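Structure file start-v2.pdb (PDB, C-alpha atoms) is printed below.
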```pdb
ATOM      1  CA  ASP V   1     -56.751 114.407  63.514  1.00  0.00           C
ATOM      2  CA  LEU V   2     -53.789 112.251  64.490  1.00  0.00           C
ATOM      3  CA  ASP V   3     -55.123 110.386  67.517  1.00  0.00           C
ATOM      4  CA  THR V   4     -57.562 108.375  65.404  1.00  0.00           C
ATOM      5  CA  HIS V   5     -54.743 107.584  62.995  1.00  0.00           C
ATOM      6  CA  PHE V   6     -52.789 106.310  65.999  1.00  0.00           C
ATOM      7  CA  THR V   7     -55.662 104.098  67.138  1.00  0.00           C
ATOM      8  CA  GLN V   8     -55.651 102.803  63.569  1.00  0.00           C
ATOM      9  CA  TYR V   9     -51.875 102.271  63.667  1.00  0.00           C
ATOM     10  CA  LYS V  10     -51.678 101.227  67.322  1.00  0.00           C
ATOM     11  CA  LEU V  11     -51.781  97.490  66.613  1.00  0.00           C
ATOM     12  CA  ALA V  12     -52.646  97.099  62.937  1.00  0.00           C
ATOM     13  CA  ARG V  13     -50.094  95.911  60.405  1.00  0.00           C
ATOM     14  CA  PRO V  14     -50.133  94.995  56.711  1.00  0.00           C
ATOM     15  CA  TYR V  15     -50.455  91.403  55.580  1.00  0.00           C
ATOM     16  CA  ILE V  16     -50.031  89.275  52.467  1.00  0.00           C
ATOM     17  CA  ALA V  17     -52.666  87.190  50.703  1.00  0.00           C
ATOM     18  CA  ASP V  18     -53.579  85.973  47.232  1.00  0.00           C
ATOM     19  CA  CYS V  19     -55.185  87.863  44.377  1.00  0.00           C
ATOM     20  CA  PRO V  20     -56.120  86.447  40.980  1.00  0.00           C
ATOM     21  CA  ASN V  21     -54.200  88.960  38.884  1.00  0.00           C
ATOM     22  CA  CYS V  22     -54.224  86.794  35.783  1.00  0.00           C
ATOM     23  CA  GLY V  23     -51.435  88.749  34.136  1.00  0.00           C
ATOM     24  CA  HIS V  24     -49.376  86.558  36.468  1.00  0.00           C
ATOM     25  CA  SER V  25     -51.726  83.652  37.275  1.00  0.00           C
ATOM     26  CA  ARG V  26     -52.915  83.849  40.899  1.00  0.00           C
ATOM     27  CA  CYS V  27     -50.152  85.882  42.521  1.00  0.00           C
ATOM     28  CA  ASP V  28     -49.801  86.455  46.252  1.00  0.00           C
ATOM     29  CA  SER V  29     -49.347  90.150  47.001  1.00  0.00           C
ATOM     30  CA  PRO V  30     -49.319  92.570  49.911  1.00  0.00           C
ATOM     31  CA  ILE V  31     -51.963  94.485  47.920  1.00  0.00           C
ATOM     32  CA  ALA V  32     -54.811  92.001  48.253  1.00  0.00           C
ATOM     33  CA  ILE V  33     -58.174  93.383  47.180  1.00  0.00           C
ATOM     34  CA  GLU V  34     -61.080  92.738  49.543  1.00  0.00           C
ATOM     35  CA  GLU V  35     -64.732  93.780  49.116  1.00  0.00           C
ATOM     36  CA  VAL V  36     -64.688  96.893  46.983  1.00  0.00           C
ATOM     37  CA  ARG V  37     -67.742  99.020  47.707  1.00  0.00           C
ATOM     38  CA  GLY V  38     -69.672 101.260  45.378  1.00  0.00           C
ATOM     39  CA  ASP V  39     -73.241 102.462  45.794  1.00  0.00           C
ATOM     40  CA  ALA V  40     -72.915 106.251  45.600  1.00  0.00           C
ATOM     41  CA  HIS V  41     -74.874 108.107  42.950  1.00  0.00           C
ATOM     42  CA  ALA V  42     -71.932 110.326  42.015  1.00  0.00           C
ATOM     43  CA  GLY V  43     -69.865 107.364  40.840  1.00  0.00           C
ATOM     44  CA  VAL V  44     -67.310 107.305  43.651  1.00  0.00           C
ATOM     45  CA  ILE V  45     -65.994 104.041  45.071  1.00  0.00           C
ATOM     46  CA  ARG V  46     -63.872 103.112  48.062  1.00  0.00           C
ATOM     47  CA  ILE V  47     -61.724  99.995  48.190  1.00  0.00           C
ATOM     48  CA  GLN V  48     -60.424  98.165  51.250  1.00  0.00           C
ATOM     49  CA  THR V  49     -57.005  96.786  50.379  1.00  0.00           C
ATOM     50  CA  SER V  50     -54.579  94.739  52.480  1.00  0.00           C
ATOM     51  CA  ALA V  51     -51.826  97.309  53.093  1.00  0.00           C
ATOM     52  CA  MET V  52     -51.497 100.160  55.561  1.00  0.00           C
ATOM     53  CA  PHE V  53     -51.548 103.640  54.043  1.00  0.00           C
TER      54      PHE V  53
ATOM     55  CA  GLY B 106     -61.525  96.423  21.866  1.00  0.00           C
ATOM     56  CA  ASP B 107     -61.342  97.341  18.207  1.00  0.00           C
ATOM     57  CA  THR B 108     -57.859  98.582  17.295  1.00  0.00           C
ATOM     58  CA  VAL B 109     -54.644  96.872  18.364  1.00  0.00           C
ATOM     59  CA  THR B 110     -51.639  99.101  18.944  1.00  0.00           C
ATOM     60  CA  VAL B 111     -48.089  98.491  20.135  1.00  0.00           C
ATOM     61  CA  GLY B 112     -45.509 101.025  21.233  1.00  0.00           C
ATOM     62  CA  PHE B 113     -42.020 101.140  22.714  1.00  0.00           C
ATOM     63  CA  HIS B 114     -39.745 104.017  23.658  1.00  0.00           C
ATOM     64  CA  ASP B 115     -36.143 104.707  22.759  1.00  0.00           C
ATOM     65  CA  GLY B 116     -36.024 108.246  24.165  1.00  0.00           C
ATOM     66  CA  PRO B 117     -36.659 110.394  21.100  1.00  0.00           C
ATOM     67  CA  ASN B 118     -39.420 108.185  19.702  1.00  0.00           C
ATOM     68  CA  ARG B 119     -42.493 106.362  20.937  1.00  0.00           C
ATOM     69  CA  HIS B 120     -42.398 103.926  17.988  1.00  0.00           C
ATOM     70  CA  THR B 121     -46.098 103.101  17.899  1.00  0.00           C
ATOM     71  CA  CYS B 122     -48.066 101.270  15.224  1.00  0.00           C
ATOM     72  CA  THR B 123     -51.767 100.554  14.965  1.00  0.00           C
ATOM     73  CA  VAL B 124     -53.924  98.058  13.091  1.00  0.00           C
ATOM     74  CA  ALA B 125     -57.703  98.228  12.905  1.00  0.00           C
ATOM     75  CA  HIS B 126     -58.604  94.636  13.712  1.00  0.00           C
ATOM     76  CA  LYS B 127     -61.478  93.082  15.636  1.00  0.00           C
ATOM     77  CA  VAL B 128     -60.617  91.445  18.956  1.00  0.00           C
ATOM     78  CA  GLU B 129     -63.045  89.328  20.957  1.00  0.00           C
ATOM     79  CA  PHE B 130     -63.339  87.763  24.415  1.00  0.00           C
ATOM     80  CA  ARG B 131     -64.940  84.341  24.032  1.00  0.00           C
ATOM     81  CA  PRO B 132     -66.459  82.791  27.171  1.00  0.00           C
ATOM     82  CA  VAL B 133     -66.225  79.051  27.760  1.00  0.00           C
ATOM     83  CA  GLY B 134     -69.145  76.914  28.863  1.00  0.00           C
ATOM     84  CA  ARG B 135     -72.536  78.558  29.165  1.00  0.00           C
ATOM     85  CA  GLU B 136     -72.208  81.737  31.259  1.00  0.00           C
ATOM     86  CA  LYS B 137     -70.944  84.925  29.682  1.00  0.00           C
ATOM     87  CA  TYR B 138     -68.082  86.721  31.386  1.00  0.00           C
ATOM     88  CA  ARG B 139     -66.273  89.927  31.814  1.00  0.00           C
ATOM     89  CA  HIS B 140     -63.355  87.947  33.193  1.00  0.00           C
ATOM     90  CA  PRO B 141     -63.307  84.458  34.747  1.00  0.00           C
ATOM     91  CA  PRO B 142     -63.752  84.637  38.517  1.00  0.00           C
ATOM     92  CA  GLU B 143     -61.558  83.197  41.249  1.00  0.00           C
ATOM     93  CA  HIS B 144     -63.698  80.133  41.983  1.00  0.00           C
ATOM     94  CA  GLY B 145     -66.045  77.844  40.119  1.00  0.00           C
ATOM     95  CA  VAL B 146     -66.090  74.802  37.883  1.00  0.00           C
ATOM     96  CA  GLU B 147     -63.292  73.598  35.609  1.00  0.00           C
ATOM     97  CA  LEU B 148     -63.681  73.040  31.885  1.00  0.00           C
ATOM     98  CA  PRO B 149     -61.407  71.976  29.015  1.00  0.00           C
ATOM     99  CA  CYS B 150     -60.306  75.022  27.032  1.00  0.00           C
ATOM    100  CA  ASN B 151     -57.625  75.817  24.475  1.00  0.00           C
ATOM    101  CA  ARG B 152     -55.049  78.590  24.471  1.00  0.00           C
ATOM    102  CA  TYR B 153     -51.567  79.519  23.319  1.00  0.00           C
ATOM    103  CA  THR B 154     -48.835  78.043  25.489  1.00  0.00           C
ATOM    104  CA  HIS B 155     -46.034  80.145  26.946  1.00  0.00           C
ATOM    105  CA  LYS B 156     -42.888  78.101  26.328  1.00  0.00           C
ATOM    106  CA  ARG B 157     -39.867  79.618  24.612  1.00  0.00           C
ATOM    107  CA  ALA B 158     -39.358  76.853  22.060  1.00  0.00           C
TER     108      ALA B 158
END
```
Please, can you express the file's structure as structure tokens?
Amino acid sequence: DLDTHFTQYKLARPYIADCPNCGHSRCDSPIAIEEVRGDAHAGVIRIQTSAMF
Amino acid sequence: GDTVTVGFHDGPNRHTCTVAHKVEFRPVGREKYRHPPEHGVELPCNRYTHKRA
């Protein structure tokens, strides 16, 4: 579908926040990780980042 | 990990060397880690500085 993608893109936009990537000591990135989820038996995980894909 | 390796390219070569040598991740305070989290209490630690000279 494309319509649902439009409703996703109708008003959403990326944003910038902080992540504790300690390779660079609390950097602020567009790719800010938020609440990764994994409970599937097969070992799959989905992650909800801070950038539009 | 267990074996430390370092490698850099020049274009024909990968120039990699390896040393079998134990490496450890020592947690401060009283709670074991996998990596220190974003928030919590502060403690006095010791580590190698990052100044040129």
Applying the ChimeraX specification (/B :<10) & /V to the file I just gave you, which residues come out? Please list them as a PyMOL selection string. chain V and resi 19-22+26
Taken to one decimal, the atom CA of residue 52 of chain V-atom CA of residue 2 of chain V distance is 15.2 Å
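The residue that comes closest to residue 125 of chain B, out of B:107, B:146, B:153, B:113 and on the basis of only C-alpha atoms, is B:107.
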Using the chain letters and numbering of this document, enumerate as a PyMOL selection string the residues selected by the PyMOL selection byres ((chain V and resi 35) around 10). chain V and resi 33-34+36-38+46-49
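Evaluated against this file, the PyMOL selection byres ((chain V and resi 30) around 7) yields residues 15, 16, 17, 29, 31, 32, 50 and 51 of chain V.
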Would you please work out which residue, of B:131, B:156, B:139, B:126, is nearest to residue 110 of chain B when using only C-alpha atoms? B:126
Listed atoms of segment 10-29 of chain V boxed axis-aligned with 4 Å per side, centre + edges as lines of an AutoDock Vina configuration file:
```
center_x = -52.7
center_y = 92.4
center_z = 50.7
size_x = 14.8
size_y = 25.6
size_z = 41.2
```
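With atom CA of residue 25 of chain V on one side and atom CA of residue 157 of chain B on the other, the separation reads 17.8 Å.
Using only C-alpha atoms, the contacts of residue 127 of chain B at a cut-off of 10 Å, with sequence neighbours closer than 4 positions omitted, comprise residues 106, 107, 108 and 109 of chain B.
Among the candidate residues V:13, V:27, V:18, V:7, the one lying nearest to residue 53 of chain V is V:13, with distances computed using all atoms listed in the file.
Minimum atom-to-atom distances from B:155, B:118, B:150, B:145 to residue 132 of chain B were compared using all atoms listed in the file, and the lowest value belongs to B:150.
The interatomic distance for the pair atom CA of residue 112 of chain B and atom CA of residue 24 of chain V works out to 21.4 Å.
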Restore N, CA and C atoms in segment 32-53 of chain V and list the result as a CSV table (one decimal), keeping the file's coordinate frame.
```
chain,number,residue,atom,x,y,z
V,32,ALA,N,-53.7,93.0,48.5
V,32,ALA,CA,-54.8,92.0,48.3
V,32,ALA,C,-56.1,92.7,48.3
V,33,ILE,N,-56.9,92.7,47.2
V,33,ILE,CA,-58.2,93.4,47.2
V,33,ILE,C,-59.2,92.6,48.0
V,34,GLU,N,-60.0,93.3,48.8
V,34,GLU,CA,-61.1,92.7,49.5
V,34,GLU,C,-62.3,93.7,49.5
V,35,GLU,N,-63.4,93.2,49.0
V,35,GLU,CA,-64.7,93.8,49.1
V,35,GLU,C,-64.7,95.3,48.8
V,36,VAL,N,-64.5,95.5,47.5
V,36,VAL,CA,-64.7,96.9,47.0
V,36,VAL,C,-66.2,97.3,47.1
V,37,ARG,N,-66.4,98.5,47.4
V,37,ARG,CA,-67.7,99.0,47.7
V,37,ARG,C,-68.1,100.2,46.8
V,38,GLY,N,-69.2,100.1,46.1
V,38,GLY,CA,-69.7,101.3,45.4
V,38,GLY,C,-71.2,101.3,45.3
V,39,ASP,N,-71.8,102.3,46.0
V,39,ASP,CA,-73.2,102.5,45.8
V,39,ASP,C,-73.6,103.9,45.7
V,40,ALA,N,-72.6,104.8,45.6
V,40,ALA,CA,-72.9,106.3,45.6
V,40,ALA,C,-73.4,106.7,44.2
V,41,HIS,N,-74.3,107.6,44.2
V,41,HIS,CA,-74.9,108.1,43.0
V,41,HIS,C,-73.8,108.9,42.1
V,42,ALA,N,-72.9,109.5,42.8
V,42,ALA,CA,-71.9,110.3,42.0
V,42,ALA,C,-70.9,109.5,41.3
V,43,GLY,N,-70.8,108.2,41.5
V,43,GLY,CA,-69.9,107.4,40.8
V,43,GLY,C,-68.6,107.2,41.6
V,44,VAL,N,-68.5,107.5,42.9
V,44,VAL,CA,-67.3,107.3,43.7
V,44,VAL,C,-67.3,105.9,44.2
V,45,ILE,N,-66.1,105.4,44.5
V,45,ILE,CA,-66.0,104.0,45.1
V,45,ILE,C,-64.8,104.1,46.1
V,46,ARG,N,-65.0,103.3,47.1
V,46,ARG,CA,-63.9,103.1,48.1
V,46,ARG,C,-63.5,101.6,48.1
V,47,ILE,N,-62.2,101.4,48.2
V,47,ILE,CA,-61.7,100.0,48.2
V,47,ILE,C,-60.9,99.7,49.4
V,48,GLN,N,-61.1,98.5,50.0
V,48,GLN,CA,-60.4,98.2,51.2
V,48,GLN,C,-59.3,97.1,50.9
V,49,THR,N,-58.1,97.6,50.8
V,49,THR,CA,-57.0,96.8,50.4
V,49,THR,C,-56.4,96.1,51.6
V,50,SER,N,-55.2,95.5,51.4
V,50,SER,CA,-54.6,94.7,52.5
V,50,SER,C,-53.3,95.3,52.9
V,51,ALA,N,-53.1,96.6,52.7
V,51,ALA,CA,-51.8,97.3,53.1
V,51,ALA,C,-52.2,98.6,53.8
V,52,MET,N,-51.3,99.0,54.8
V,52,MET,CA,-51.5,100.2,55.6
V,52,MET,C,-51.0,101.4,54.8
V,53,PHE,N,-51.9,102.4,54.7
V,53,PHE,CA,-51.5,103.6,54.0
V,53,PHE,C,-51.4,104.8,55.0
```
